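Just below is one structure, and these are the notes that go with it.
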Amino acid sequence: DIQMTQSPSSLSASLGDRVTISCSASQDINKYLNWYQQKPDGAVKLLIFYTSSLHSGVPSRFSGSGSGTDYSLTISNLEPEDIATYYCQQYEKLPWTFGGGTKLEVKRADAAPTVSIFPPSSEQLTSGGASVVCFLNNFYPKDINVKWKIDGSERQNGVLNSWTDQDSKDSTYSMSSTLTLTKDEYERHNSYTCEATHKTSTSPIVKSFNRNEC
Amino acid sequence: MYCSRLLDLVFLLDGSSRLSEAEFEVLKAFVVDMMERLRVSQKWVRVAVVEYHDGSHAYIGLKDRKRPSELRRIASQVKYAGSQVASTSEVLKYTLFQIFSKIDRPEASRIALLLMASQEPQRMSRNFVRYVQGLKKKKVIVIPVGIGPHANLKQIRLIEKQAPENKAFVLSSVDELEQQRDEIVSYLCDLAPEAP
Amino acid sequence: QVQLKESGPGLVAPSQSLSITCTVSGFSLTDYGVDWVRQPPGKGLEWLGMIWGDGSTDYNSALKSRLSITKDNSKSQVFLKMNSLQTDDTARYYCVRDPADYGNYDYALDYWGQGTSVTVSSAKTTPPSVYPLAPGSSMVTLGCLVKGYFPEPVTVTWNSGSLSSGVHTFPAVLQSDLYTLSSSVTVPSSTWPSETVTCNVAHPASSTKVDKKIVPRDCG
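Protein chains in written order, with the working numbering: chain A, 11 to 224; chain B, 501 to 696; chain C, 183 to 402.
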């Protein structure tokens with residue numbers, strides 16, 4: 011199969027900007043290259059075919075160029091509706107193959123996450139389960155790290171993380187981190203701490219609770 | 501009607517059941533008749549003969565050094581295939597990448613006489629036009645000869661469109677080959693240069 | 183207007199087959215090809231195969247001959263069938279039209295269906311356990327942990343939808359064949375705990391709907 015590479019998977023820009031998304035094939039593909047747009051809601055549409063032809067309905071701010079192995083999709087002036095993921099695709103030879111995608115994101119002033127930690131509910135404990143939940147909300151940029159500690163000691167097993175896609179209204183991101191333990195193991199310790207590392211602070215943002223100070 | 505010029509002529513015969521066993525003999529007879537009107541020789545007209553179905557079998561290669569009479573005999577003995585499909589795309593691919601992988605006689609003209617009586621499934625045509633364009637780039641003229649009502653007319657017109665000299669001959673049946681033979685030999689001979 | 187839409191089964195047990203019908207309008211299946219493309223959750227696109235106007239087909243060999251695409255021109259329907267799905271066949275499946283015009287070597291995926299989500303799993307329908315998240319012992323952030331359900335999706339609202347500006351509901355993660363997600367809400371301190379804040383979790387597959395009031399913790 012021919013391998014298609016989109017070097018940047020995440021591309022930041024400001025509305026009004028000229029944006030360029032690059033794509034390269036593992037071998038000459040003779041301009042047999044198409045570009046697609048997948049919006050945050052999942053809808054996919056064809057934008058450019060045979061390297062540079064615009065599909066019906068597509069506005070002129072989109073253009074495509076290239077030859078050989080290197081291709082580019084340019085958005086002359088970025089509009090809000092263009093925040094989406096873009097994929098290139100070759101048809102030099104079957105099977106058709108797609109690049110890994112380039113998701114556009116909107117730039118905004120850096121913002122530290124609002125961190126909150128929650129002990130397991132009494133209801134959940136009643137079933138022998140114990141999840142400790144930590145929310146890291148409305149931060150920017152998206153890169154962030156969460157560390158858990160039980161009685162001062164870092165804990166890596168039993169942790170599941172989830173990230174939201176960029177918020178359309180305020181351009182921030184949020185993340186959830188949940189540490190699940192059995193009720194006995196949970197009841198076997200006292201301090202539970204959630205630490206967030208993000209560029210907005212050079213010290214971790216820490217949130218904790220003691221199973222017994224309640 | 502006799503062609504004494506520098507030419508590499510490749511005969512591509514449709515091996516599908518669109519031609520019956522007896523109609524295929526008439527097609528082979530046309531090939532032999534054509535050879536009789538060409539100065540068969542490595543220095544003048546070289547010939548090749550391929551029967552194509554889903555895949556193909558080469559009976560004579562341009563470089564085969566054999567008497568013209570033995571070449572006519574081989575042609576007369578080509579086996580009837582009667583396949584469900586005769587892929588024009590695959591045989592043009594074979595012609596482009598195997599027969600003309602290298603151009604041994606740039607002083608001769610090259611012609612692919614595509615004798616067609618059927619229509620391949622669309623999926624087999626995916627690279628069709630790219631094969632025809634590749635042949636044009638190596639200066640291999642493609643002459644489609646449609647035979648019968650199942651001949652792929654779409655492909656015949658597409659070939660003519662790719663290059664000005666790719667003229668088509670559309671026949672109602674193999675019975676017309678004999679009637680149009682001298683006319684075809686004449687058109688092919690004129691596409692070739694005279695020896696010095 | 184050219185349209186395509188998939189009707190899928192939603193769920194497939196490991197080793198069973200996947201059947202999807204793509205119904206199209208605005209063009210004739212005799213003059214166009216129809217392709218199938220899939221996207222595993224959180225991943226890119228994979229081209230699976232297509233069917234030409236004449237019914238001949240092309241398949242991606244990575245599918246190991248498991249795929250069949252057939253159609254009924256008069257009913258404007260195209261049928262995908264795939265043998266023995268495994269967990270890694272979980273994905274959203276799209277039917278997409280292409281010109282299938284070899285004369286112009288034009289095969290662009292020009293109009294896409296919205297797609298149908300397929301989950302391959304042996305899990306039984308299981309309602310979520312919903313737990314209220316109150317702070318341990320300005321604004322206050324509260325949450326609800328929605329754990330152990332199957333299959334996706336659940337809908338989470340706060341105060342029956344009255345609260346929405348400070349709400350963050352997270353994508354679900356598959357733990358042990360079961361899904362889990364959390365939802366948080368940030369509201370002014372003047373409104374909680376003096377007034378009620380409730381999360382509402384509906385899970386259509388289970389026909390279940392539960393409300394959980396967030397209460398200060400019953401600590402002794």
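Even for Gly, the Cβ is constructed at its ideal location relative to N, Cα and C.
#1: Under a CB-based cut-off of 8 Å, is C/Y284 close to chain B?
#2: Excluding the 5 residues flanking C/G330 on each side, which residues of the same chain have their C-beta closer than 7 Å to its C-beta?
#3: Report yes if the CB atom of C/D292 is closer than 8 Å to the CB atom of C/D283, and no otherwise.
#4: Take A/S126 and list the residues in its own chain whose beta-carbon comes closer than 6 Å to its own, dropping the five residues that flank it on each side.
#5: Check distances from the C-beta atoms of the region 259-292 of chain C to those of chain B and list, in chain order, the residues that come in under 9 Å.
#6: B/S625 CB to nearest chain C CB: under 8 Å?
#7: Can you give me the start and stop residues for the beta strand (DSSP E) that B/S589 sits inside?
#8: Along the chain, where does the beta strand (DSSP E) containing B/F669 start, and where does it finish?
#9: Tell me which residues share the same chain as C/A384 and place their Cβ nearer than 6 Å to its Cβ, disregarding the 5 neighbours each side in the sequence.
#10: For B/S587 versus B/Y552, is the C-beta spacing smaller than 8 Å?
#11: Can you check whether the C-beta of C/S238 is within less than 8 Å of a C-beta belonging to chain B?
#12: Quick check on DSSP: helix, strand or coil for B/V685?
#13: Which residues in the same chain as A/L135 place their Cβ atom closer than 6 Å to its Cβ, once the five residues preceding and following it in sequence are excluded?
#14: Give the interface partners of C/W234 over in chain B, defined as CB-CB distance under 8 Å, in chain order.
#15: Based on DSSP bridge pairs, tell me the residues matched to C/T368.
#16: Spell out a yes or no on whether the region 648-655 of chain B and the region 529-549 of chain B are touching, meaning 3 or more CB-CB pairs, one atom from each, closer than 8 Å.
#17: Considering only the alpha carbon of each residue, which of A/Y96, A/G162, A/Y196, A/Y101 lies closest to A/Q16?
#18: C/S365 and C/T351 - do their beta-carbons sit closer together than 8 Å?
#19: Between B/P568 and the rest of its own chain, which residues show a CB-CB distance below 8 Å, the 5 nearest in sequence each way excluded?
#20: What separation, rounded to the nearest whole angstrom, lies between the Cα atoms of C/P196 and C/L262?
#21: Sorted by chain position, which residues of the same chain lie with C-beta nearer than 6 Å to C/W294's C-beta, five sequence neighbours on each side aside?
#22: Give me the Cα-Cα distance between C/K306 and A/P130, rounded to the nearest whole angstrom.
#23: In angstroms, rounded to a whole number, what distance separates the CA positions of residue 1 of chain A and A/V143?
#24: May I ask which residues mark the beginning and end of the beta strand (DSSP E) holding C/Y284?
#25: Comparing the C-beta of A/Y96 with each C-beta of chain C, is any distance below 8 Å?
#26: Suppose you measure from the CA of C/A290 to the CA of A/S184; what does that come to, to the nearest Å?
#27: Between the region 338-358 of chain C and chain A, which residues of the former have CB atoms less than 7 Å from a CB of the latter, in chain order?
#28: With distance defined between alpha-carbon atoms, name the residue in C/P222, C/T272, C/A354, C/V349 nearest to C/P191.
#29: Whose CA, out of A/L114, A/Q48, A/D38, A/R221, lies closest to the CA of C/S319?
#30: Can you look up B/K636 in the DSSP assignment and give me helix, strand or coil?
#31: How is C/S197 classed by DSSP in three states: helix, strand or coil?
#32: What do you get for C/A244, buried or exposed, if any count of 16 or more other CB atoms within 10 angstroms of its CB means buried?
#33: Beta-carbon of B/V550 versus every beta-carbon of chain C: anything under 8 Å?
#34: Got a sec: is the Cβ-Cβ distance from C/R399 to anything in chain A below 8 Å?
#35: Let me confirm a value: A/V216 is counted as buried when at least 16 other C-beta atoms fall within 10 Å, else exposed. Which label applies?
#36: Quick one: give me the first and last residue of the beta strand (DSSP E) that C/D393 is part of.
Put simply:
#1: yes
#2: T308, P310, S311, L360, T362
#3: no
#4: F145
#5: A282, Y284, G285, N286, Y287, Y289
#6: yes
#7: Premise fails: B/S589 lies in the alpha helix (DSSP H), 588-594, not in any beta strand (DSSP E).
#8: 669-671 is the extent of the beta strand (DSSP E) around B/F669.
#9: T337, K391
#10: yes
#11: yes
#12: helix
#13: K193
#14: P621, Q622, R623
#15: C/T323
#16: no
#17: When A/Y96, A/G162, A/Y196, A/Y101 are compared, the shortest CA-CA separation from A/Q16 is found for A/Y96.
#18: yes
#19: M535, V540, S541
#20: 17 Å
#21: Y276, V278
#22: 26 Å
#23: Any question about residue 1 of chain A goes unanswered here, given that chain A covers just 11 to 224.
#24: No beta strand (DSSP E) holds C/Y284; DSSP gives it neither H nor E.
#25: no
#26: 37 Å
#27: Against chain A - using a Cβ distance shorter than 7 Å - the residues of the region 338-358 of chain C are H350, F352, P353, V355, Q357.
#28: C/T272
#29: A/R221
#30: helix
#31: coil
#32: exposed
#33: At a cut-off of 8 Å, the C-beta of B/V550 has no neighbouring C-beta in chain C.
#34: For C/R399, the answer is yes, since a Cβ of chain A falls inside 8 Å of its Cβ.
#35: exposed
#36: In the DSSP annotation of this structure, the continuous segment of the beta strand (DSSP E) that includes C/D393 starts and ends at 390-395.
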